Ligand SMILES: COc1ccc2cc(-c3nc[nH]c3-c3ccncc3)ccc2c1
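First, one chain by itself: the form solved without the named molecule, in structure tokens.
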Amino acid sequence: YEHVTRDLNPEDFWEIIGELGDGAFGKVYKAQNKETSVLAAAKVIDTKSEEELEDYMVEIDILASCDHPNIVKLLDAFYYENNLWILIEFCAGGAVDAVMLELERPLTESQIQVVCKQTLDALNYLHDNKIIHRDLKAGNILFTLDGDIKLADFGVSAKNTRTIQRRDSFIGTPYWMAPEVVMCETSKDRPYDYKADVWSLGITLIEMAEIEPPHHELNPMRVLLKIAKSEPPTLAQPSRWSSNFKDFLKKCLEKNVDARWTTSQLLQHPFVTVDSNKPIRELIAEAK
């Protein structure tokens, strides 16, 4: 494909220094460029066949095509001896949840603020560019040396740019076109589907506030049913948090998908109006 390297052993470019995580597709490794010494996250995915490469080409296309300071960048990809190697830029600090475990406590509200503004910038770009992350959560928000954050894992992301350019395409006079099609109000242009991510951002905020996400204590089999049954979740010890925090959540954690705010609307909120990552530079310095 456009971004995958047929015929070259990637351990002739990149040396494994250790293991990092263990995402259930395969193993993931601390990698280092043999020439430049740039560090990278190496996903080695086993693939039975070559028809299986199509399964991963959306993560690859998303990463290769994204250009934002708060979204991980694709460095390099290889198909060699029935593995796909994906080499993603290496965020030195660790995953936001991996830190809460190391420190045995949740983020403070100012640390939540920085992640939430930085993570929201990410999402807004994605949504302006017709990508839905679809697996947002603390563990796929990553921390740089500099105390910034980069959003990662696009394994189950959706990218509607090719099906919009497919749908839009027509020839001849279109007397039969619906008025909604005519006014570019198909579901691909409309925000409805993209708003899954906003709800998640909500849960990720509570996750970061309380270490673990709502319903963490239930039988896993009951979690889905609980999300249906129950009103949107809230902070457990509400008195700990500001009224901006609590208001922000109400705009993310809203079941009437229409009522729920877009990212564009959300950037205008008083909770996310911050411009200094000191809070983080501190958290990450204490985890070193």
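Heads up, when I say rigid core I mean the largest set of C-alphas that superpose within 1.5 Å between the two forms. From 1 onward, residues are counted along the sequence shown.
Below: the form deposited with the named molecule bound, not depicted.
This form leaves room for the named molecule: after superposition of the C-alphas round the site, using its pose in the bound PDB entry, no atom of it sits within 2.4 Å of a backbone or C-beta atom. Between 114-122, 190-198, 87-95, 205-213, the stretch whose residues reach within 4.5 angstroms of the named molecule in the bound PDB entry through a non-hydrogen atom is 87-95. Checking 235, 41, 253, 66 against the named molecule in the bound PDB entry, a heavy atom within 4.5 Å turns up for just one residue: 41. Contact with the named molecule in the bound PDB entry, judged by any heavy atom within 4.5 Å, is made by just one of 107, 136, 142, 131: 142. When contacts are judged by a 4.5 Å heavy atom cut-off, residue 25 counts as touching the named molecule in the bound PDB entry. Looking at residue 78, you'd find every heavy atom of it more than 4.5 angstroms from the named molecule in the bound PDB entry. At least one heavy atom of residue 20 is located within 4.5 Å of the named molecule in the bound PDB entry. Put simply, residue 155 is close to the named molecule in the bound PDB entry: some heavy atom of it is within 4.5 Å. With the core held fixed, residue 270 shows a CA shift below 2 Å between this form and the one not shown.
An increase of at least 3 Å in the separation of the C-alpha atoms of residue 23 and residue 66 is found in the bound PDB entry, compared with the displayed form.
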